[PDB]
Amino acid sequence: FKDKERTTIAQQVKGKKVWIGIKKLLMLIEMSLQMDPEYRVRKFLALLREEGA
Amino acid sequence: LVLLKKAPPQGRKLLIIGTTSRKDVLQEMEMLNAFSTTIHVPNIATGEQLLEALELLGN
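Residues numbered from 1 in each chain as written, not as in the entry; some residues may be left out. Chains lettered and ligands numbered in written order. Part of a larger assembly, values for the part shown. Heavy atoms only, no water.

Where the PDB entry is consulted, chain B appears under the name Vesicle-fusing ATPase, with the organism given as Cricetulus griseus.

The name given to chain A in the PDB entry is Vesicle-fusing ATPase, and the organism recorded there is Cricetulus griseus.

Per the secondary structure count, chain B includes two helices and zero strands. Against the globule reference of 10 Å for 59 residues, chain B gives a C-alpha radius of gyration of 18 Å, more extended than a compact globule. Across its three principal axes, chain B shows a C-alpha extent of roughly 50 × 30 × 15 Å. Per-residue burial for chain B yields a buried fraction of 3% across its 59 residues. (Helix = DSSP H or I, 4+ residues; strand = E, 2+ residues; numbered from the N terminus. Rg over C-alpha atoms; globule rule 2.2 N^0.38 Å. Buried < 20%, exposed > 50% of the residue type's maximum accessible area, 1.4 Å probe, protein only.)

Empty space among the atoms becomes visible once a probe the size of a water molecule is rolled across them. Considered as a void within the structure, the largest pocket measures approximately 1,900 Å³ in volume. If you trace the largest pocket, you find 43 residues lining it, with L32, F35, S36, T37 and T38 of chain B closest to the centre. Elements with a contribution of two residues or more to the lining of the largest pocket: α2 (22–33) and α3 (37–51) of chain A together with α1 (24–28) of chain B. No other element matches the five residues that α2 of chain A contributes to the lining of the largest pocket. Across the lining of the largest pocket, the residue classes break down as 22 nonpolar, 11 polar and 10 charged. When its volume is computed, the second largest pocket comes out at roughly 280 Å³. (1 Å grid on protein atoms, 1.4 Å probe; cavity = no way out; pocket = protein on both sides within 12 Å on 5 of 7 lines; lining within 4 Å. Points joined across faces, edges and corners; volume = space filled by probe spheres on them. Nonpolar A, V, L, I, M, F, W, Y, C, P; charged D, E, K, R; others polar.)

Residue and element names in this part refer to chain A. Direction vectors running N to C along α2 and α3 enclose 140°, while the axes themselves pass 8 Å from each other. Between α2 and α3, the crossing angle belongs to the class labelled oblique. Crossing handedness for the pair α2 and α3: right-handed. Taking contact as the criterion, the partners of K24, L25, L28, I29, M31, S32 and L33 in α2 are, on α3, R40, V41, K43, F44, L47 and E51. Of the residues assigned to the contact of α2 with α3, the class counts are eight nonpolar, one polar and four charged. (Axes fitted to C-alpha atoms, helices over the stretch in contact; angles between N-to-C directions. Parallel < 35°, antiparallel > 145°, perpendicular 65-115°, else oblique. Left-handed = near helix turned anticlockwise from the far one by under 90°. Contact = heavy atoms within 4.5 Å.)

A separate point is the nonpolar core. Core analysis: the biggest nonpolar cluster contains five residues, these being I9, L28, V41, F44 and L47 of chain A. Those residues in contact with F44 of chain A, other than ones at most four positions away along the chain, are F1, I9, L25, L28, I29 and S32 of chain A. (Core = buried A, V, L, I, M, F, W, Y, C linked by side-chain atoms within 4.5 Å.)

Residues and elements named next belong to chain A. For the structure shown, the criterion picks out two salt bridges over all chains. In this structure, the salt-bridge partner of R6 is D3, at a minimum N-O distance of 2.5 Å. Residue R6 and its partner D3 are located together in helix α1 (residues 3–13), separated by three residues, close to a single helical turn. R6 sits in the partly exposed class, given a relative accessible area of 47%. On the basis of relative accessibility, which here comes to 53%, the residue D3 falls in the exposed class. We note a salt bridge from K24 to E51, for which the minimum N-O separation is 3.5 Å. One end of the pair, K24, is in helix α2; the other, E51, is in helix α3, and 27 residues separate them in sequence. (Salt bridge = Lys/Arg side-chain N within 4 Å of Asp/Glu carboxyl O.)

Shown next as structure tokens:
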């Protein structure tokens, strides 16, 4: 994830509480990755919306 | 389910597909988390999809 995307996530995470694990996180970044660049982060986050809640 | 969480020797790669008509008892037996993702398949909800399917079949 390039720095721009790091920030792009980072704005709206800290207001939120995370319950996650690593071995899931790998698959998350992966399956989100295979979309085109704009979509990538949107998909990662949107999965986390339901997953981490 | 160990096989769902098992890896073959490195470099090799697979996908394993499953089916069922229920998720509820499987969540009860805690095999669902092993599955990386899910798909709800919906069921035919609309006469629209019905009648266009019948346009397709043409019977």
